[PDB]
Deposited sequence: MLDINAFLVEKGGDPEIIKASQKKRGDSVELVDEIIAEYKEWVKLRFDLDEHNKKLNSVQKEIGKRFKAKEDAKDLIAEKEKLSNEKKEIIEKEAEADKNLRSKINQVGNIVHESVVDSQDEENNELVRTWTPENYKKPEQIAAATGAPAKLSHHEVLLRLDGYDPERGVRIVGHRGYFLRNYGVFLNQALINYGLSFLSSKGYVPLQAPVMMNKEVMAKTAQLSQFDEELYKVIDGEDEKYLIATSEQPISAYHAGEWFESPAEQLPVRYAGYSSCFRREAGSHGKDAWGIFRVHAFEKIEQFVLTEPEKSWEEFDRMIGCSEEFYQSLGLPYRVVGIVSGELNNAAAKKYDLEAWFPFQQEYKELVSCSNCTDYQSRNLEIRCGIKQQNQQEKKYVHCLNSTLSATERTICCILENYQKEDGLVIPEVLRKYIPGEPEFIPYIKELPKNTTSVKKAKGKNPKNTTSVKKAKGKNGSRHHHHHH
């Protein structure tokens, strides 16, 4: 969340900036005034508590002297004490409601972000096409072949996954990966780790379960509602993670980078499976492994000094671009409109790759600067309270990245294996043949 003092003009903050941000977000502007009011009530209670302590100390110090009368001093002590009890209770309630309200306020939207609720207004930041690919159309970028099949059709013809047995065993969107489906997924995981490791990222495999209290410090309420699976463990509960961002953001909770010039930035190549209920996503992207309930993801997670996060943000999206360029996948980078930012993000870029069968750009990567919104909550201090900035960016959500590869590397008789992945696959195949026909053809 934002610092309390950010709401307080008298403390150096600017509530106006916060209201403007709320407006850009399409979120409550009223929250800001309410937060300010409750803060003043809290301060009043704190002063009153202070005064009662002063009176109490004065009174019991008098009782000591008249200990030589003194049922009146006692009568007042009991009075002041009873009042103090009440004040103590109100203060704690006020602090609670104040923090609850502040928790609802999204991070300050960066001035460079387009103010809109309509993704049609996403900023077109950059476009990239591979060599020998004239323009985005219904043509597999890597092979030049007609993009005749969708990703799920390609994967079926390759005998690379099993949605039918998947659905019977797990329910909707359930799947097994098979044969080269497994090998390609592993290839992306290992290439991704190797790729980031070469750039100084530390490989970090995160647990996929988190304690509720920790999850609550890094995920917003809406995620608990329609995103996260709850785990029952005897009499206890945990959550399954939606992204390694969650546990890795808490990795340095309560720690202090007290010599940041030498200690930061810290860069993690996160790897985990990810689990999402997709509770608001019915029917959309029904077949294939494009949108599923469980998937693997190589994540960039970085902590930097507050003064260096914006440069790091550029470095991180640049890292993902280089990764997709290395796979020969056409893409565009877009600046997400204010109305589509989650609470933690001050700025977000998505990399959307070209799917030639769909003939559409589809999101493969989100890259966010969350400044100190999460680190304040997790108490991750920086230097000299000053907190580190946290940024996160997809490197590769592997099953969805496979979908993009499938459409762009297809040809008449099968699938060309992207050159950079070959060394990660037994036999280092350059090409794998279609094994099955589609029922429809």
Parts of the chain sequence, as deposited, that carry no C-alpha coordinates in this structure: 69-71, 388-394, 452-485
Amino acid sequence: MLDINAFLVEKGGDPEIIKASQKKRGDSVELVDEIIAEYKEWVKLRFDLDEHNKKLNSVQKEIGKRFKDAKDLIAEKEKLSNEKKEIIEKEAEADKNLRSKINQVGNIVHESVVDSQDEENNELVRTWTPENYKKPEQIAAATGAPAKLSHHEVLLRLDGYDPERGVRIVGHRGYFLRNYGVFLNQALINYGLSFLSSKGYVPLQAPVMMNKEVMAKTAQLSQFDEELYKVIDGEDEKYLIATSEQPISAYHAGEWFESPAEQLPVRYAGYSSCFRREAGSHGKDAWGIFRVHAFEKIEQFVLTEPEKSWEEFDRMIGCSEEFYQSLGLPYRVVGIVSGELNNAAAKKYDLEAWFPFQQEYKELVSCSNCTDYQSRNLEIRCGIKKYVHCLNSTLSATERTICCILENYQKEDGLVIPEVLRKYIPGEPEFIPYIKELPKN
From here on, numbers count along this sequence of modelled residues.
Stretch exceeding the other in mean C-alpha B-factor - 255-263, 69-77: 69-77
Per the entry, higher mean C-alpha B factor between 235-243 and 296-304: 235-243
From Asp48, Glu399, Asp372, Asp413, residue of greatest CA B-factor: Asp48
Selection by C-alpha B-factor (highest) of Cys319, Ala94, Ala353, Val114: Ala94
B-factor third for the C-alpha atom of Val420 within its chain: middle
Chain thirds of CA B-factor: placement of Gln223: highest
Chain-relative CA temperature factor third for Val388: middle
Chain third (lowest, middle, highest) by recorded CA B-factor, residue given as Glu213: highest
Entry-reported Cα temperature factor of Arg157, expressed as the chain third it lands in: lowest
